[PDB]
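In: before the rest arrives, take these chains from my complex:
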Amino acid sequence: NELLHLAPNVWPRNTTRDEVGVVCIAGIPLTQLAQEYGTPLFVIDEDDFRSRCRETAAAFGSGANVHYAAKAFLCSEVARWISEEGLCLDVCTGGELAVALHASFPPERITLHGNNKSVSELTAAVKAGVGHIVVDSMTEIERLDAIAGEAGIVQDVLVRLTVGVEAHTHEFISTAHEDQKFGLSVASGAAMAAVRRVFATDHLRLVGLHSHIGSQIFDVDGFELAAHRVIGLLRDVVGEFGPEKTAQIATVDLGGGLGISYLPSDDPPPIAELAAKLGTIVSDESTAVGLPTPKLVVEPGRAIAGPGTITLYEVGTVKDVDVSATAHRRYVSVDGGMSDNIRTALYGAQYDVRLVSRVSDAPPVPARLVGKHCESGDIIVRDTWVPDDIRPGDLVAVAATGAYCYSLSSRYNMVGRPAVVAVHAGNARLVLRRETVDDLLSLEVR
């Protein structure tokens, strides 16, 4: 009756119900998937994922202007999808680049990020020919210049700014002095010094500016102020170097944080609308300081992976726990835990969970979804509702685990990484194996 609704903004785009009531994506009952591949189980609506890539690219005007943030989720399958849809790939560490490359991701379309790039990570990057690197310290700059000189090239490059804006959901914060590890403060002059240094080198080309201001951003208001501040730096730069030189700073990358719906209440604007406001502020602001509007880049992770994937669990214990003299909370324990979605513990994230293996007529009862580890804080969905006849053996699913869940997974209490599976049109295909005690034990020595 009430828990039977599967809100189309939360759950993947190809999700539907059986005639027997079972929940399907891409036409596959979740039961079949569970019985075939085990639980816990990650289930990626492949068509959804591409769907998001096309949609975002259309909104910003080309896949060249949308870099998938690999940090949300990465494996060779997904890299290949991103290539095919024509987006770029932002990679973060040595290893994210390694796997990008292993999947033959076109290096010209990679951008490298990080607060502490090593000389090896940077050297590997120029060898492969990555093409954009977003620099983050003055040390990085001295380091990359040496490396690109040593290798015969001029490495295009952006500098990362700290612009004093933090945005989440329908609000933002502005600070005099942003206190965090990334970027170079515009207000402090650190950013300008960075611009100066790169212009000065023989071996780097300054090509853009990068800002990132938060996550689950549902209004443009924060971006607007950020872009204001960011393009104000550009004004400082016409100041010293002239308009002709500063046009070479052709790309304003406004970072990630494009929002999705974890709960049906969540109301991120449709992406084309947002992007058109974004485009317009980059333009108003651009010309009211005497410049050609530079090209807008955006780096979603969550808004691309994320909605299209679902973690599929089997209920194993149901305990009814007294929380007042009169009331109860219905703890439903499950197959996995913080080993595969640590976001609830770590960020206080809020998820939708649903019985999926059947349809119940029972009245909804307040509940906590809870995993299998020896920590009381091992909690996947802190507050929901759940049909009062929920019972071991049932299959439940949590609704936007596509982003930052698997990437964050651990082997806490020796629980191995769930399998991951992709699904497209009717067909299912294992993408990522499930761990076994052999993996568990495989770093041990004699």
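Out: That came through fine. Numbers count the residues shown, from 1 in each chain, chains lettered A, B, ... in the order given.

In: ok, residue A:314 - contacts?
Out: Contact partners of residue A:314, counting by CB atoms under 8 Å, 6 or more residues apart in numbering, are A:34, A:39-40, A:334-335, A:393-396. C-betas here are computed from N, CA, C, even on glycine.

In: among these, which ones are in strands?
Out: Within those, residues falling in strands by DSSP state E are A:334, A:395-396.

In: just checking, residue A:289 touches residue A:237?
Out: No. Checked against CB atoms under 8 Å, the pair residue A:289 and residue A:237 is beyond contact range at 10.0 Å.

In: more neighbours: which of those two?
Out: Set residue A:289 next to residue A:237 and count neighbours by other CB atoms under 10 Å: residue A:237 wins out with 24 against 15.

In: could you list everything the nearest residue to residue A:391 once chain neighbours are set aside pairs with in the sheet?
Out: Nearest non-adjacent residue to residue A:391, counting by CB to CB, 6 or more residues apart in numbering: residue A:318, 6.3 Å away. Beta-bridge pairing for residue A:318 (DSSP bridges): residue A:332.

In: so the nearest residue to residue A:323 once chain neighbours are set aside, which of the three states?
Out: Among residues not flanking residue A:323 along the chain, residue A:329 sits closest, at 5.0 Å (CB to CB, 6+ apart). Three-state call for residue A:329 (DSSP: H, G, I helix; E, B strand; the rest coil): strand.

In: what's the neighbour count on residue A:329?
Out: Around residue A:329 there are 15 residues (other CB under 10 Å).

In: and what of residue A:334?
Out: 26.

In: my guess is it contacts residue A:315. True?
Out: Yes. Counting by CB under 8 Å, residue A:315 is a contact partner of residue A:334 at 6.0 Å.

In: tell me, what's touching those two both at once?
Out: residue A:396.

In: sorry, back to before: can you redo the ones in strands among the contacts of residue A:314 as JSON lines with distance to residue A:410?
Out: Converted to JSON lines, the ones in strands among the contacts of residue A:314 look like this (distance: CB to CB, whole Å):
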{"residue": "A:334", "distance to residue A:410": "16"}
{"residue": "A:395", "distance to residue A:410": "24"}
{"residue": "A:396", "distance to residue A:410": "22"}
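
In: from those, which is closest to residue A:259?
Out: residue A:396 (24.8 Å; CB to CB).

In: any idea how far residue A:441 is from residue A:335?
Out: Plainly put, residue A:441 is 22 Å away from residue A:335 if you go by CB to CB, to the nearest Å.

In: do the same with residue A:187
Out: Residue A:187 is 49 Å from residue A:335, by CB to CB.

In: name the residue in these two with the higher neighbour count.
Out: The neighbour count for residue A:187 versus residue A:335, taken as other CB under 10 Å, is higher for residue A:335 (22 against 17).

In: residues contacting that one?
Out: Residue A:335 touches A:39-40, A:313-314, A:316, A:371-372, counting by CB under 8 Å, 6+ apart.

In: just the buried residues of the residues you listed.
Out: A:39-40, A:313-314, A:371-372 (16 or more other CB atoms under 10 Å).

In: same structure, new chain, call it chain B:
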Amino acid sequence: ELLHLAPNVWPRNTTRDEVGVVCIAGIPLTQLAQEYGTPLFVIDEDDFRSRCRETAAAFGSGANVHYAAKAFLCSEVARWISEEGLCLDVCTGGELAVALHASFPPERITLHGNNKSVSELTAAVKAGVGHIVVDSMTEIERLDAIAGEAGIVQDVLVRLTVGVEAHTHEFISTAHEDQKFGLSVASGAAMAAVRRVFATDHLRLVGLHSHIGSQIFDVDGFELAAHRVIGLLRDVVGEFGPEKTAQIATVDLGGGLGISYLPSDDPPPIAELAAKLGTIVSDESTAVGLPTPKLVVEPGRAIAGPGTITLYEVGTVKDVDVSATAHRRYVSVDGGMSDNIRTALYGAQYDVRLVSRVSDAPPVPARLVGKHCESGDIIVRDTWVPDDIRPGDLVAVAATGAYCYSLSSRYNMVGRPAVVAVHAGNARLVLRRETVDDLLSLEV
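Out: Below, chain B sits with the chains from the block before:
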């Protein structure tokens, strides 16, 4: 200044060189890094064993001290626990698997968890584990059926909610504890379970279990939790006679025994704390006309933990403006929330020290920070660092042997650090560092 290495915090066999490099078990940390890489976990093996011994003594027997494998586990460690006479609490299908691959005596394994699978329970009676601490009415059915099918009578404790949560020098009491483990005494769910276990032919009740906290520095919480637990025992004499309730011979007050993360952390010496604890189990027992039951305790952190250190190489130093007039020194490092997530996840606080040389520079306020693309990737939120700290320098964070490695992740595709043990003069790789081959190993 930042030069003191507080002996309550750092591993026991920690030392300084003539040249001022920090050493443990006689090995300079520079050498370890140059041999094995960074980031690196470094286990002072004698420390671990020392704490095994010290705890055992305090509670009368290694048998009354069960190591909590959740805090860190591998065959090597399983093997240290076996050799020091302690037991092993394991939590999941996987933790038993490895304890067994390491040939840990099953008599000395206790098995925990809110949501044991049929298949987990089955594996464990087949291995002859010996104690299971049941958590749900459902689990009790499952386990009767299973032990019956095996032709055995499986010893068992039940786990209780007793409405106490202790941390540091305080604790909260609650009319109705609101969390996943245990069965409530006050609702009489506990007593319902004691009935149903007395009723089966295939289970046999030998104790009660409460776990009430972490980083516990007073006895007070334990006193109240004990009062309340043994309260159940009285209720069972009421129903069953004192002569069949004495079969419930074991009161297990769980883990939570505390260590020093920071120098100002001041947990009591375990010998005192256990004396105190033993007295009150006794008092509270005779206070209800029962034989003193045996006190068992299930530490993880207090055993693993203080003897292990995470060695990092500095990569980036950045002065960050935080007011018109102040600055915070962001020192970034080889690793991050991938190998130490406790800071982001629980708001833990750590000590960190410059370790590859000794600086005469003055101290400056700082943040030790990882290399992952997330601004919350912070290893140590508020420390002090010497003002001439500089890339190339090696720092160590100070009590990382518990919960850090077991929670490790491959975030941003950062492989697990290697783990190395050092024992009188001598290093030895135990767990090896992950490679992109590992990172790719689940792909098809």
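
In: please reconsider the neighbour count of residue A:334 now that chain B is part of the model.
Out: For residue A:334, the neighbour count with other CB atoms under 10 Å in any protein chain shown is 28.

In: same question for residue A:272.
Out: Neighbours of residue A:272 using other CB under 10 Å come to 12.

In: again, but for residue A:265
Out: A count of nearby residues for residue A:265, using other CB under 10 Å, gives 11.

In: check which helix or strand covers it.
Out: Assigned by DSSP states H and E, residue A:265 falls within no helix or strand.

In: how near is it to residue A:6?
Out: 15 Å.

In: which parts of the stretch 201-350 of chain A sit against chain B?
Out: Counting by CB under 8 Å from any CB of the partner chain, the stretch 201-350 of chain A comes close to chain B at A:316-319, A:321-325, A:329, A:331, A:333-334, A:342, A:345-346.

In: out of those residues, which are buried?
Out: The neighbour-count test (16 or more other CB atoms under 10 Å in any protein chain shown) marks A:316-319, A:321-322, A:329, A:331, A:333-334, A:342, A:345-346 as buried among those.

In: what residues are up against whatever residue of the stretch 201-350 of chain A ends up closest to chain B?
Out: Among the residues of the stretch 201-350 of chain A, residue A:333 lies closest to chain B, at 3.7 Å counting by CB to the nearest CB. Contacts of residue A:333 were listed using CB atoms under 8 Å, 6 or more residues apart in numbering or on different chains, and they are A:315-319, A:370-372, B:114-115, B:180.

In: for chain A, which helix extends over the most residues?
Out: Longest helix in chain A, counting residues (DSSP state H): helix A:221-241.

In: where do the helices sit along the stretch 101-250 of chain A?
Out: Secondary structure of the stretch 101-250 of chain A (DSSP state H, counting those that start in this stretch): helices at A:119-128, A:138-149, A:190-200, A:221-241, A:243-246.

In: who's in contact with stretch A:374-386?
Out: Residues contacting stretch A:374-386 (CB under 8 Å, 6+ apart): A:2-3, A:330, A:332, A:334, A:336-338, A:341, A:344-345, A:348, A:350-353, A:355, A:364-372, A:398, A:413, B:68, B:70, B:91-92, B:112-114, B:179-181.

In: export the longest helix of chain A as PDB, just CAs?
Out: The C-alpha coordinates for helix A:221-241 follow below in PDB (Å, rounded to 0.1, in the frame of the first residue of the first chain):
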ATOM      1  CA  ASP A 221      23.100  30.000  -5.600                       C
ATOM      2  CA  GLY A 222      26.400  28.500  -4.300                       C
ATOM      3  CA  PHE A 223      27.900  28.000  -7.800                       C
ATOM      4  CA  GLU A 224      26.900  31.500  -8.600                       C
ATOM      5  CA  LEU A 225      28.900  33.100  -5.800                       C
ATOM      6  CA  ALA A 226      31.800  30.600  -6.500                       C
ATOM      7  CA  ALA A 227      32.000  31.500 -10.100                       C
ATOM      8  CA  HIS A 228      31.800  35.100  -9.100                       C
ATOM      9  CA  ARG A 229      34.900  34.700  -6.900                       C
ATOM     10  CA  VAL A 230      36.700  32.500  -9.500                       C
ATOM     11  CA  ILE A 231      36.100  34.800 -12.300                       C
ATOM     12  CA  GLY A 232      37.200  37.600 -10.100                       C
ATOM     13  CA  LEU A 233      40.600  36.000 -10.000                       C
ATOM     14  CA  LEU A 234      40.500  36.000 -13.800                       C
ATOM     15  CA  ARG A 235      40.000  39.800 -13.400                       C
ATOM     16  CA  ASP A 236      43.100  40.100 -11.200                       C
ATOM     17  CA  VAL A 237      44.800  38.300 -14.000                       C
ATOM     18  CA  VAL A 238      43.800  40.700 -16.900                       C
ATOM     19  CA  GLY A 239      45.200  43.200 -14.300                       C
ATOM     20  CA  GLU A 240      48.700  41.900 -14.600                       C
ATOM     21  CA  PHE A 241      49.000  39.900 -17.800                       C
END
